[PDB]
file query-v7.csv (CSV, C-alpha atoms)
chain,number,residue,atom,x,y,z
Z,1809,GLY,CA,100.7,64.4,47.9
Z,1810,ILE,CA,97.1,64.7,48.9
Z,1811,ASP,CA,98.2,65.0,52.5
Z,1812,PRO,CA,95.5,63.5,54.7
Z,1813,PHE,CA,95.1,64.4,58.3
Z,1814,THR,CA,94.6,61.3,60.5
Z,1815,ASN,CA,92.9,62.9,63.5
Z,1816,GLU,CA,92.5,59.7,65.4
Z,1817,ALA,CA,91.7,59.7,69.1
Z,1818,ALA,CA,93.1,63.2,69.8
Z,1819,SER,CA,96.0,65.5,69.2
Z,1820,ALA,CA,96.5,65.6,73.0
Z,1821,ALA,CA,93.1,65.9,74.5
Z,1822,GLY,CA,89.8,64.9,73.0
Z,1823,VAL,CA,87.9,67.7,74.8
Z,1824,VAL,CA,88.7,71.4,74.8
Z,1825,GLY,CA,92.2,71.6,75.9
Z,1826,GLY,CA,95.4,73.2,74.8
Z,1827,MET,CA,93.8,76.2,73.0
Z,1828,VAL,CA,92.6,77.3,76.4
Z,1829,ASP,CA,96.3,78.2,77.1
Z,1830,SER,CA,96.1,80.3,73.9
Z,1831,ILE,CA,93.4,82.4,75.5
Z,1832,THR,CA,95.5,82.9,78.6
Z,1833,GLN,CA,98.3,83.8,76.3
Z,1834,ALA,CA,96.1,86.3,74.5
Z,1835,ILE,CA,95.4,87.9,77.9
Z,1836,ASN,CA,99.1,88.2,78.7
Z,1837,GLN,CA,100.1,89.5,75.2
Z,1838,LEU,CA,97.6,92.4,75.5
Z,1839,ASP,CA,98.9,93.2,79.0
Z,1840,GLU,CA,102.2,93.9,77.3
Z,1841,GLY,CA,100.8,96.7,75.1
Z,1842,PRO,CA,99.8,97.6,71.5
Z,1843,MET,CA,101.5,96.4,68.3
Z,1844,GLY,CA,101.7,99.6,66.3
Z,1845,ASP,CA,101.8,100.7,62.7
Z,1846,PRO,CA,98.0,100.9,62.0
Z,1847,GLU,CA,96.9,100.4,58.4
Z,1848,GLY,CA,94.0,102.7,59.0
Z,1849,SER,CA,92.4,105.1,61.5
Z,1850,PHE,CA,91.1,104.1,64.9
Z,1851,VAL,CA,87.6,103.9,63.3
Z,1852,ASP,CA,88.7,101.1,60.9
Z,1853,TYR,CA,90.0,98.9,63.7
Z,1854,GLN,CA,87.0,99.9,65.8
Z,1855,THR,CA,84.6,98.7,63.2
Z,1856,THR,CA,86.7,95.6,62.8
Z,1857,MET,CA,86.7,94.7,66.5
Z,1858,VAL,CA,83.1,95.4,67.1
Z,1859,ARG,CA,82.2,92.9,64.3
Z,1860,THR,CA,84.4,90.1,65.8
Z,1861,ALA,CA,82.9,90.9,69.2
Z,1862,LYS,CA,79.4,90.4,67.9
Z,1863,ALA,CA,80.8,87.2,66.3
Z,1864,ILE,CA,82.0,85.8,69.6
Z,1865,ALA,CA,78.8,86.9,71.3
Z,1866,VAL,CA,76.7,84.7,69.0
Z,1867,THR,CA,79.0,81.8,69.8
Z,1868,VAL,CA,78.8,82.2,73.6
Z,1869,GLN,CA,75.1,82.7,73.3
Z,1870,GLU,CA,74.9,79.4,71.4
Z,1871,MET,CA,77.1,77.6,73.9
Z,1872,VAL,CA,74.8,78.6,76.8
Z,1873,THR,CA,71.9,77.2,74.8
Z,1874,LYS,CA,73.6,74.1,73.3
Z,1875,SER,CA,74.8,72.9,76.7
Z,1876,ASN,CA,71.2,72.0,77.5
Z,1877,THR,CA,70.6,69.9,74.4
Z,1878,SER,CA,74.0,69.1,72.7
Z,1879,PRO,CA,77.0,68.9,75.1
Z,1880,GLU,CA,79.2,67.6,72.2
Z,1881,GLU,CA,78.5,70.8,70.2
Z,1882,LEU,CA,80.1,72.7,73.0
Z,1883,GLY,CA,83.6,71.7,71.9
Z,1884,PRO,CA,83.5,73.2,68.3
Z,1885,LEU,CA,81.9,76.3,69.8
Z,1886,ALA,CA,84.5,76.6,72.5
Z,1887,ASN,CA,86.9,76.3,69.6
Z,1888,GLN,CA,85.1,79.0,67.7
Z,1889,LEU,CA,85.0,81.3,70.8
Z,1890,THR,CA,88.7,80.6,71.2
Z,1891,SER,CA,89.6,81.3,67.5
Z,1892,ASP,CA,87.5,84.4,67.1
Z,1893,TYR,CA,88.8,85.7,70.4
Z,1894,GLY,CA,92.4,85.0,69.2
Z,1895,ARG,CA,91.6,87.2,66.2
Z,1896,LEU,CA,90.2,89.9,68.5
Z,1897,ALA,CA,93.3,89.7,70.7
Z,1898,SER,CA,95.3,90.3,67.6
Z,1899,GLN,CA,93.1,93.2,66.4
Z,1900,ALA,CA,93.0,94.8,69.9
Z,1901,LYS,CA,96.7,95.8,69.7
Z,1902,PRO,CA,96.5,97.9,66.5
Z,1903,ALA,CA,93.3,99.4,67.9
Z,1904,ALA,CA,94.8,100.5,71.1
Z,1905,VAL,CA,97.8,102.1,69.4
Z,1906,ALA,CA,95.5,103.8,66.8
Z,1907,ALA,CA,93.9,105.6,69.6
Z,1908,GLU,CA,95.0,109.1,70.4
Z,1909,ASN,CA,94.5,108.6,74.1
Z,1910,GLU,CA,96.1,106.0,76.4
Z,1911,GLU,CA,93.0,105.8,78.5
Z,1912,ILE,CA,91.1,104.8,75.3
Z,1913,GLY,CA,93.6,102.1,74.2
Z,1914,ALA,CA,93.9,100.8,77.7
Z,1915,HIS,CA,90.1,100.8,77.7
Z,1916,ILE,CA,90.0,98.5,74.7
Z,1917,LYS,CA,92.8,96.1,75.8
Z,1918,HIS,CA,91.3,95.7,79.3
Z,1919,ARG,CA,87.9,94.8,77.8
Z,1920,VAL,CA,89.5,92.0,75.7
Z,1921,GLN,CA,91.0,91.0,79.1
Z,1922,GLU,CA,87.5,90.8,80.4
Z,1923,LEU,CA,86.7,88.5,77.5
Z,1924,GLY,CA,89.9,86.6,78.1
Z,1925,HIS,CA,89.0,85.6,81.6
Z,1926,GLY,CA,85.4,84.7,80.5
Z,1927,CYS,CA,86.4,83.0,77.3
Z,1928,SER,CA,89.1,81.0,79.1
Z,1929,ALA,CA,86.6,79.9,81.7
Z,1930,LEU,CA,83.9,79.0,79.2
Z,1931,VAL,CA,86.1,76.8,77.1
Z,1932,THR,CA,87.7,75.0,80.0
Z,1933,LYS,CA,84.2,74.4,81.4
Z,1934,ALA,CA,83.0,73.0,78.0
Z,1935,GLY,CA,86.0,70.7,78.1
Z,1936,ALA,CA,85.2,69.4,81.6
Z,1937,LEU,CA,81.5,69.3,80.6
Z,1938,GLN,CA,82.2,67.1,77.7
Z,1939,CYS,CA,84.1,64.8,80.0
Z,1940,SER,CA,80.9,64.4,82.0
Z,1941,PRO,CA,77.8,65.8,80.1
Z,1942,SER,CA,75.7,64.5,82.9
Z,1943,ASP,CA,77.3,66.7,85.5
Z,1944,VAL,CA,74.8,69.5,86.2
Z,1945,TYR,CA,77.3,71.6,88.3
Z,1946,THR,CA,79.8,71.7,85.4
Z,1947,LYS,CA,77.0,72.6,83.0
Z,1948,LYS,CA,75.8,75.3,85.5
Z,1949,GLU,CA,79.3,76.7,85.7
Z,1950,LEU,CA,79.4,76.8,81.9
Z,1951,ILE,CA,76.1,78.7,81.9
Z,1952,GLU,CA,77.7,81.2,84.4
Z,1953,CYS,CA,80.8,81.4,82.3
Z,1954,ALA,CA,78.7,82.0,79.1
Z,1955,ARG,CA,76.8,84.8,80.8
Z,1956,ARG,CA,80.0,86.4,82.0
Z,1957,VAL,CA,81.4,86.3,78.5
Z,1958,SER,CA,78.2,87.7,76.9
Z,1959,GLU,CA,78.1,90.5,79.5
Z,1960,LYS,CA,81.7,91.5,78.8
Z,1961,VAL,CA,81.0,91.7,75.1
Z,1962,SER,CA,78.8,94.7,75.7
Z,1963,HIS,CA,81.6,96.3,77.7
Z,1964,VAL,CA,84.1,95.7,74.9
Z,1965,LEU,CA,81.7,97.1,72.3
Z,1966,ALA,CA,81.0,100.2,74.3
Z,1967,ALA,CA,84.7,100.8,74.8
Z,1968,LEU,CA,85.2,101.4,71.1
Z,1969,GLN,CA,82.9,104.4,70.5
Z,1970,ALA,CA,84.9,106.4,73.0
Z,1971,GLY,CA,87.8,106.5,70.6
Z,1972,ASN,CA,88.7,108.3,67.3
Z,1973,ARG,CA,86.0,107.8,64.7
call {"tool": "encode", "arguments": {"input": "query-v7.csv", "output": "structure tokens"}}
result
Amino acid sequence: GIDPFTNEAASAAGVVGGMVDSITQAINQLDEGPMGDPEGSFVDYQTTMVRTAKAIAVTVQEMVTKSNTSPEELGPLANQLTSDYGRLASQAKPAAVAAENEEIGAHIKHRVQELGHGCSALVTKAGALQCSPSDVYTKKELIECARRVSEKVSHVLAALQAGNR
């Protein structure tokens, strides 16, 4: 029928949990290798990935900011960082395989790994921060995590231009 979604209490955890495992999964899936069968040239996937990277960058830069004012806004942003990263982790495989050089594809995949470790840490910190928005240490760790993510975005972006345009 109309199909309503009664999201009462939580699916499993009210804070950021569960999808953090997805980020770790995204790390492992890339460690495996590229997907293959690119629909376009490396430049097409390049331009796609750099856009999504800038997209996660604005999220992480928002999270570092919002943690000071709005600790409950960290959850939806952690969700956004998680989702956009999930898309990047999907786009990274066709990008790596579209490269005419293993060192280039390996350069891309490893940078998304950089993001994976940071993204994972940021979202799990946001979860723990929402559990106790008052805890300065958890918030500080999140700020650290956010910085690490934003830093790695630059490394990801720079990895792309070294490939086939």
call {"tool": "residues_around", "arguments": {"input": "query-v7.csv", "residues": "stretch 1877-1889 of chain Z", "least_positions_apart": "5", "cutoff": "7 Å", "atoms": "only C-alpha atoms", "output": "PyMOL selection string"}}
result
chain Z and resi 1823-1824+1864+1867-1868+1871+1927+1931+1934-1935+1938+1941
call {"tool": "closest_residue", "arguments": {"input": "query-v7.csv", "among": "Z:1948, Z:1892, Z:1875, Z:1913", "to": "residue Z:1827", "atoms": "all atoms listed in the file"}}
result
Z:1892
call {"tool": "closest_residue", "arguments": {"input": "query-v7.csv", "among": "Z:1869, Z:1921, Z:1940, Z:1958", "to": "residue Z:1836", "atoms": "only C-alpha atoms"}}
result
Z:1921
call {"tool": "atom_distance", "arguments": {"input": "query-v7.csv", "atom1": "atom CA of residue Z:1854", "atom2": "atom CA of residue Z:1952"}}
result
28.0 Å
call {"tool": "closest_residue", "arguments": {"input": "query-v7.csv", "among": "Z:1917, Z:1973, Z:1874, Z:1859", "to": "residue Z:1937", "atoms": "only C-alpha atoms"}}
result
Z:1874
call {"tool": "atom_distance", "arguments": {"input": "query-v7.csv", "atom1": "atom CA of residue Z:1930", "atom2": "atom CA of residue Z:1873"}}
result
12.9 Å
call {"tool": "decode", "arguments": {"input": "query-v7.csv", "residues": "stretch 1819-1904 of chain Z", "atoms": "C-alpha atoms", "output": "CSV table (one decimal), in the first residue's frame"}}
result
chain,number,residue,atom,x,y,z
Z,1819,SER,CA,17.1,-0.3,13.6
Z,1820,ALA,CA,19.9,-1.6,15.8
Z,1821,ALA,CA,21.8,1.4,17.2
Z,1822,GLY,CA,20.5,5.0,17.5
Z,1823,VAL,CA,23.9,6.5,17.0
Z,1824,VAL,CA,26.2,5.8,14.1
Z,1825,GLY,CA,26.6,2.1,14.0
Z,1826,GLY,CA,26.4,-0.7,11.5
Z,1827,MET,CA,27.3,1.4,8.4
Z,1828,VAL,CA,30.8,1.8,10.0
Z,1829,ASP,CA,31.3,-1.8,9.1
Z,1830,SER,CA,30.4,-0.9,5.5
Z,1831,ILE,CA,33.3,1.5,5.4
Z,1832,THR,CA,35.7,-1.3,6.6
Z,1833,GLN,CA,34.1,-3.4,4.0
Z,1834,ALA,CA,34.8,-0.8,1.3
Z,1835,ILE,CA,38.4,-0.9,2.4
Z,1836,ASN,CA,38.6,-4.6,2.0
Z,1837,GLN,CA,36.8,-4.7,-1.3
Z,1838,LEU,CA,39.3,-2.3,-2.8
Z,1839,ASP,CA,42.2,-4.3,-1.4
Z,1840,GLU,CA,41.0,-7.1,-3.6
Z,1841,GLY,CA,41.3,-5.1,-6.9
Z,1842,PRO,CA,39.5,-3.3,-9.7
Z,1843,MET,CA,36.1,-4.3,-11.1
Z,1844,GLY,CA,36.7,-3.9,-14.8
Z,1845,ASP,CA,34.7,-3.1,-18.0
Z,1846,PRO,CA,34.9,0.7,-17.9
Z,1847,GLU,CA,32.1,2.6,-19.6
Z,1848,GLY,CA,34.5,5.4,-20.5
Z,1849,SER,CA,38.1,6.5,-20.4
Z,1850,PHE,CA,40.1,6.9,-17.2
Z,1851,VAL,CA,39.4,10.7,-17.4
Z,1852,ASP,CA,35.7,10.0,-17.1
Z,1853,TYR,CA,36.1,8.0,-13.9
Z,1854,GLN,CA,38.7,10.5,-12.8
Z,1855,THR,CA,36.3,13.4,-13.1
Z,1856,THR,CA,33.6,11.4,-11.4
Z,1857,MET,CA,35.8,10.4,-8.4
Z,1858,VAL,CA,37.2,13.9,-7.9
Z,1859,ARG,CA,33.6,15.3,-7.6
Z,1860,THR,CA,32.6,12.7,-5.0
Z,1861,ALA,CA,35.9,13.4,-3.1
Z,1862,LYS,CA,35.0,17.1,-2.9
Z,1863,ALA,CA,31.6,16.0,-1.8
Z,1864,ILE,CA,32.9,14.0,1.2
Z,1865,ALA,CA,35.3,16.8,1.9
Z,1866,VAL,CA,32.5,19.3,2.5
Z,1867,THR,CA,30.8,16.7,4.7
Z,1868,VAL,CA,33.9,16.1,6.9
Z,1869,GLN,CA,34.6,19.8,7.0
Z,1870,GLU,CA,31.1,20.3,8.3
Z,1871,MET,CA,31.4,17.5,10.9
Z,1872,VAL,CA,34.5,19.1,12.4
Z,1873,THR,CA,32.5,22.3,12.7
Z,1874,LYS,CA,29.1,20.9,13.8
Z,1875,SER,CA,30.7,18.9,16.6
Z,1876,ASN,CA,31.2,22.2,18.4
Z,1877,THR,CA,27.6,23.4,18.0
Z,1878,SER,CA,25.4,20.5,17.0
Z,1879,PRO,CA,26.5,17.0,18.2
Z,1880,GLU,CA,23.2,15.5,16.9
Z,1881,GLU,CA,23.9,16.7,13.4
Z,1882,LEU,CA,27.0,14.6,13.4
Z,1883,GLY,CA,25.0,11.4,12.9
Z,1884,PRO,CA,23.4,12.4,9.5
Z,1885,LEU,CA,26.7,13.8,8.4
Z,1886,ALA,CA,28.5,10.6,9.4
Z,1887,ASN,CA,25.8,8.9,7.4
Z,1888,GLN,CA,26.6,11.2,4.4
Z,1889,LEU,CA,30.3,10.7,4.7
Z,1890,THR,CA,29.6,6.9,4.8
Z,1891,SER,CA,27.3,7.0,1.8
Z,1892,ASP,CA,29.4,9.2,-0.4
Z,1893,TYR,CA,32.4,7.2,0.5
Z,1894,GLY,CA,30.6,4.0,-0.3
Z,1895,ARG,CA,29.9,5.5,-3.8
Z,1896,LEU,CA,33.6,6.5,-4.1
Z,1897,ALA,CA,34.6,3.0,-3.1
Z,1898,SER,CA,32.4,1.7,-5.9
Z,1899,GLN,CA,33.8,4.2,-8.4
Z,1900,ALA,CA,37.4,3.5,-7.4
Z,1901,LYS,CA,37.4,0.0,-8.9
Z,1902,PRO,CA,36.5,1.1,-12.5
Z,1903,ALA,CA,38.9,4.0,-12.2
Z,1904,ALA,CA,41.8,1.7,-11.2
